[PDB]
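Shown below, as structure tokens, is a lone chain in the form deposited in one PDB entry; questions about how it binds or moves come after it.
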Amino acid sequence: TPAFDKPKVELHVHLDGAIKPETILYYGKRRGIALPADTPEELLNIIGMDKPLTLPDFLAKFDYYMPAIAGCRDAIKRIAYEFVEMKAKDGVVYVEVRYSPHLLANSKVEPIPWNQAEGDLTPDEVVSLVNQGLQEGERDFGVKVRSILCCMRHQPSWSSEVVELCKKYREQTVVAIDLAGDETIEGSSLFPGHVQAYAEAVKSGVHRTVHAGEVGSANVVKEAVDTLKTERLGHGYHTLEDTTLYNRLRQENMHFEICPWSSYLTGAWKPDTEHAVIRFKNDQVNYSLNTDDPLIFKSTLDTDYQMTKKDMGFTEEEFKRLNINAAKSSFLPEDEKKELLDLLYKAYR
């Protein structure tokens, strides 16, 4: 069933884990990269999940397939292409994708990932691939893509870099810096490299967001809002613990990015206790429903929206209004945003 059928907005997703089993498959068996499987479903059935695991675990599923794709120059622009694809197939007019240059290489990179080998490929290029691949994909699917570049919790050394990336790819196609990776690393969201790079962001314009919340304490969010300056909270579930912090973001007017089906699956949730998502709906705080990782969880944007009208009862009347908010919170000029607001507005309504 539809389950929401008007033209959606989406803010939280990762390139990384918006690949199809096939493009993996190709490259494993093409530049040779001994892969973990064969039948395109078996690939899926190692890569993805169904019993709720733990955030740490989630995060090394990734080590299964990435080698495949990592630099090869080729693949960057192709999996950027096929990703815009999926985003016009399930219902979306507007997406922000995130990703991590650092995972996507090759050269420089003194902790060299997966682990793999030297090296044409740079941060400076593994972006300018994607911008074409989301510019193309845009061109050919009806959907406008802007990307988000992700600092990455466990490596502060690299965070510095991403701000220079964002600044200078700024609009061709990047509208933002993020923080991503294991919440459990005690202290991570404060380490010097991160705050330094966020604050070259606020010192220099760059829009900010942080996965804070999810599977770690309310503190990690309090850090994120106040020390890092996060313009919107990447998940923000555990902010319902410090219930005076909670009234302070409801009050600041600020985006929670929920990821339903993701929540059960990483660990951020016990299925015995009402998910933060229905709460935000009761309180009417600006949230956005969302996908996070299509591949690793075996899903589609319909999966969230349907976990949400049938388990946790959701009017269409809500869906309407969250998809207006997400648009309101987008990292896109008031320019581009009056007119993506004119879209869903004269179509919901």
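The term rigid core refers to the most C-alpha atoms you can superpose between the two forms while keeping them within 1.5 Å. Only residues modelled in both forms are compared. All residue numbers are counted from 1 along the displayed sequence.
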Would you mind comparing 145-153 and 268-276 for me and telling me which has the higher average C-alpha temperature factor in the entry?
-> 268-276
Can you let me know which of the two, 36-44 or 286-294, has the higher average C-alpha B-factor in the entry?
-> 36-44
Highest CA B factor of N219, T184, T209, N115, as deposited, is found at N115
Please work out which residue in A201, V97, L240, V174 has the highest C-alpha B-factor recorded for this crystal structure.
-> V174
Report the third (lowest, middle or highest) to which the CA temperature factor of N247 belongs, ranking only the modelled residues of the same chain.
-> middle
Comparing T303 with the other modelled residues of its chain, is its CA B-factor in the lowest, middle or highest third?
-> highest
How does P260 rank on Cα B-factor within its chain, lowest, middle or highest third?
-> lowest
Based on the entry's values, in what third of the chain does the Cα temperature factor of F314 lie: lowest, middle or highest?
-> highest
Tertile call for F58 (CA temperature factor, within chain, third-based) is the middle
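There is another form of this protein, the form deposited in another entry, and it is not shown here; the text below is about that form.
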Can you tell which of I324, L59, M66, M49 moves its Cα by 2 Å or more between this form and the one not shown, with the two forms laid on the rigid core?
-> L59
Moved regions between this form and the one not shown after rigid core superposition (C-alpha shift of 2 angstroms or more, 3 or more residues per run) are 53-60
